[PDB]
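When we count neighbours, we look across all protein chains shown, and the Cβ atoms used for this are built from the backbone with ideal geometry, even at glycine. No value in this document is a laboratory result; all are computed from the given coordinates.
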DNA sequence: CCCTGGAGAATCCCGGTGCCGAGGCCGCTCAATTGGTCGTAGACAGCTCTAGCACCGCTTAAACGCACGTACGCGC
């Protein structure tokens with residue numbers, strides 16, 4: 001039927017990459033899909049919000065870097081920044 | 001450069017309802033921030049409303065739905081009626 | 001090129017319809033923006049502006065002032081229950097709070 | 001053309017870079033979306049996903065369960081202080097609350 | 001449909017407070033909790049009504065309830 | 001710059017309580033109010049720091065503080 | 001022959017422990033379903049709700065009331081009490097701004 | 001002879017009425033301004049603040065503290081008291097969700 | 001009136017069933033991937049000039065401190 005975009009399998013591979021002996025129910029899967037989408041809307045909304053104030057038309061990696069610093073607090077922020085910085089350097093290389 | 005402001009339009013509104021009083025620039029900045037803050041809230045809700053039903057456009061119904069979602073109680077039906085009257089007068 | 005008539009005058013409004021339409025277009029809200037959406041938005045903003053200024057003007061007459069000051073705007077917003085709930089998470093500079101004292105505090 | 005290698009594997013990531021980029025373009029945020037912005041978004045989402053699931057897996061072993069069910073996700077979010085502040089305004093269905101009792105409540 | 005505010009029974013309100021770690025529950029709490037729940041339901045459902053009316057739909061969906069809860073800072077996961 | 005948390009003096013905290021309708025002010029409330037003010041400032045100013053850093057600027061503007069307060073649901077009118 | 005006669009408070013704490021580690025829905029389905037329809041019929045008649053739509057409403061309302069009860073209970077010990085009052089809820093809503 | 005000797009609370013009410021109708025800022029500009037700089041020094045060493053930038057932070061902090069004091073005061077009468085307590089603020093932040 | 005032994009009942013650990021939701025597999029198809037091509041936003045370089053930073057008189061209302069007692073937090 002109609003293909004609905006979801007992060008059902010993507011969370012599953014993340015779970016097995018850090019915990020290859022546990023599973024996850026569909027109700028917990030839907031919570032994770034809602035959790036990913038809400039954080040996606042918050043950061044992309046913030047990144048769009050940041051670009052409008054600087055009169056900038058594009059959203060770069062620095063837009064996301066500032067967005068996750070504003071939303072995620074403290075130690076959770078800098079690991080996400082470090083993980084984000086590592087991903088961009090690996091992608092460019 | 002030129003900076004966008006809502007100062008003069010509010011002044012004509014102020015003289016329309018109360019021509020015997022003025023306004024200060026310090027209060028003007030508060031009202032300018034007030035109109036701007038409501039502007040992003042309604043447009044943000046209307047943009048979110050269009051994204052929910054996969055709508056690529058924002059109509060008068062998009063603004064009307066955002067008003068009743070944001071403005072509570074009897075304040076909302078005034079803005080709905082005021083918006084409806086302006087829409088009918090527009091056509 | 002005929003006579004240039006603003007949409008605000010055609011809709012019986014003072015707020016600029018074209019400015020609202022322009023801000024909606026460059027605000028990255030939607031791919032398309034309707035004709036009545038800025039008209040509806042301007043009318044709603046006009047009513048909200050007129051309602052606050054009327055209560056501020058009524059509040060200004062209370063303390064014998066003929067000029068609207070940020071104290072009057074804070075008093076107008078907080079006195080109205082609809083405006084207080086709408087602007088519950090809104091901070092007003094140089095407005096203070098309502099001059100109310102709890103009943104057990106009076107002698 | 002060349003081999004259709006996914007951008008997630010190029011960046012060393014599991015979350016879809018293309019889906020994030022597609023949702024950023026159609027999500028009505030900006031006129032243009034940069035190249036590294038979906039890569040940064042995928043890394044942040046994956047790290048947040050991995051952090052909670054590891055804590056949910058830790059909570060699952062506390063009650064001796066091999067399947068993640070919504071009580072484990074709620075327990076993982078509230079126990080972590082950063083996840084508590086990040087999701088303070090977030091309601092989790094079928095999760096309940098932390099089983100904590102006031103000190104003066106016990107006999 | 002009348003007198004449906006009493007559907008939230010006193011043990012149900014008692015059970016809800018037990019989840020919150022409440023030691024003792026007064027007899028006047030149940031009437032107040034019903035009124036608070038009625039006020040909270042009157043805001044979420046009305047917001048969901050406008051969401052359903054905007055979609056030209058006659059049945060309120062779970063997604064509209066989520067958006068009604070999300071706009072007031074009470075976002076819900078799992079639906 | 002050290003010991004600047006004491007710049008919020010005792011009558012200044014007392015005046016803030018009087019604006020809030022507080023009749024009696026305890027002697028231990030000044031350390032708690034300073035701690036609450038320090039925590040609140042450590043969030044908004046840090047948020048404005050990221051706003052200033054992202055804007056390619058080395059001076060913090062009031063405009064950046066406006067969005068820093070707005071993103072936490074504490075929008076300020078009058079800038 | 002003597003009855004057990006549990007003193008008040010101990011079984012209440014037992015109910016607290018048994019219901020904090022559990023995740024079943026405390027409010028019944030149809031009583032919450034019928035309350036939604038009565039409230040919605042005041043806003044618009046001939047309105048229907050999906051089964052999962054009420055499911056989203058039921059869990060959100062319980063969690064909001066549980067969190068309200070947590071602040072209501074926290075006000076009781078703050079007021080040197082263990083019994084919650086209707087005025088405790090009124091203080092909780094006022095501080096939250098509701 | 002004796003002075004007027006106002007009872008405890010009488011001058012407090014006069015200060016309550018005065019500061020609830022006057023919009024002058026209670027916190028002094030300079031001691032608050034230096035508090036911004038030492039807090040921002042932990043995030044950026046070479047940072048500057050505009051006069052209006054410190055102005056916007058002061059009003060938001062004053063209004064937040066006034067709103068916090070309003071909730072703190074209301075908890076006192078709720079707890080059969082007229083004196084605000086540090087536990088009342090801790091209750092106020094937790095109910096508001098600010099820890 | 002407080003310390004300690006025994007037993008009633010809600011709760012916790014454990015063996016057996018199984019079943020229905022979770023895990024794994026097959027297409028395959030539609031959205032993710034590859035290459036090119038421009039309009040164009042953006043990084044970079046030089047000017048500047050308007051507002052913030054640092055120090056100085058001063059004076060004066062704001063603030064620390066001490067003496068006293070009565071409204072009030074707290075114990076019972």
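General observations
- If only residues of region H:76-86 that are more than 8 Å from DNA strand I (Cβ to nearest atom) and under 18 Å from the mean Cα position of the chain (by Cα) are counted, the one that is surrounded by the fewest Cβ atoms within 10 Å (Cβ to Cβ) is H:86.
- Listing of helices (runs of 4 or more DSSP H) fully contained in region A:10-93 that carry 2 or more residues being surrounded by fewer than 16 Cβ atoms within 10 Å (Cβ to Cβ): A:26-53, A:75-92
- Any helices (runs of 4 or more DSSP H) falling wholly within chain F and containing at least 3 residues that are under 22 Å from residue C:73 (Cα atoms) and more than 7 Å from chain H (Cβ to nearest Cβ): F:62-70
- The listed residue being within 7 Å of chain B (Cβ to nearest Cβ), surrounded by fewer than 22 Cβ atoms within 10 Å (Cβ to Cβ) and either under 20 Å from the mean Cα position of the chain (by Cα) or assigned to a helix (DSSP H, G or I) (or both), out of C:50, C:37: C:50
- The residue of region D:70-94 that is farthest from residue A:70 (Cα to Cα), among those that are touching a residue at least 12 places away in the same chain (Cβ under 8 Å), facing chain A (nearest Cβ under 8 Å) and touching a helix residue (DSSP H, G or I) at 6+ places or on another chain (Cβ under 6 Å), is D:94.
- Restricted to region H:44-63, and to residues there that are in a helix (DSSP H, G or I) and within 12 Å of DNA strand I (Cβ to nearest atom), the residue that is surrounded by the fewest Cβ atoms within 10 Å (Cβ to Cβ) is H:51.
- Members of region C:81-97 found to be assigned to a loop (DSSP other than H, G, I, E, B) and surrounded by 15 or more Cβ atoms within 10 Å (Cβ to Cβ), listed by number: C:87, C:93, C:94, C:95, C:96, C:97
- Restricting attention to region H:3-36, the residues being more than 9 Å from chain F (Cβ to nearest Cβ) and near DNA strand I (Cβ under 10 Å from one of its atoms) number 4.
- In this structure, residue F:21 qualifies as on the phi > 0 side of the Ramachandran plot and either more than 11 Å from DNA strand I (Cβ to nearest atom) or without any contact (Cβ under 8 Å) to a residue 12 or more places away in the chain (or both).
- Scanning region D:59-94 for residues that are closer than 20 Å to residue G:71 by Cα and within 15 Å of DNA strand I (Cβ to nearest atom) yields one hit, D:93.
- Filter pass, residue D:14 being in contact (Cβ under 8 Å) with a residue 24 or more places away in the chain and either more than 30 Å from residue B:57 (Cα to Cα) or out of contact with any strand residue (DSSP E or B) (no Cβ under 9 Å at 6 or more places or on another chain) (or both): yes
- In the set B:61, B:41, only one residue is more than 7 Å from chain C (Cβ to nearest Cβ) and within 24 Å of residue C:79 (Cβ to Cβ); that residue is B:41.
- Test set (1) over 15 Å from the mean Cα position of the chain (by Cα); (2) more than 17 Å from residue D:38 (Cβ to Cβ); (3) within 16 Å of DNA strand I (Cβ to nearest atom) - residue A:51 fails condition number: (2)
- Yes/no for residue H:39 being more than 12 Å from DNA strand I (Cβ to nearest atom), within 7 Å of chain F (Cβ to nearest Cβ) and closer than 27 Å to residue G:91 by Cα: no
- Among (1) within 13 Å of DNA strand I (Cβ to nearest atom); (2) within 16 Å of the chain's Cα centre (by Cα); (3) buried (at least 16 other Cβ atoms within 10 Å of the Cβ) - the single one residue F:47 does not satisfy: (1)
- Filter result for the condition that a residue is away from DNA strand I (no atom under 15 Å from the Cβ) and more than 20 Å from residue H:42 (Cβ to Cβ), over F:30, F:67: F:67
- Filter result for residue C:43 (free of Cβ contacts under 8 Å to residues at least 12 places away in the same chain and either assigned to a loop (DSSP other than H, G, I, E, B) or crowded, with 20+ Cβ neighbours inside 10 Å (or both)): no
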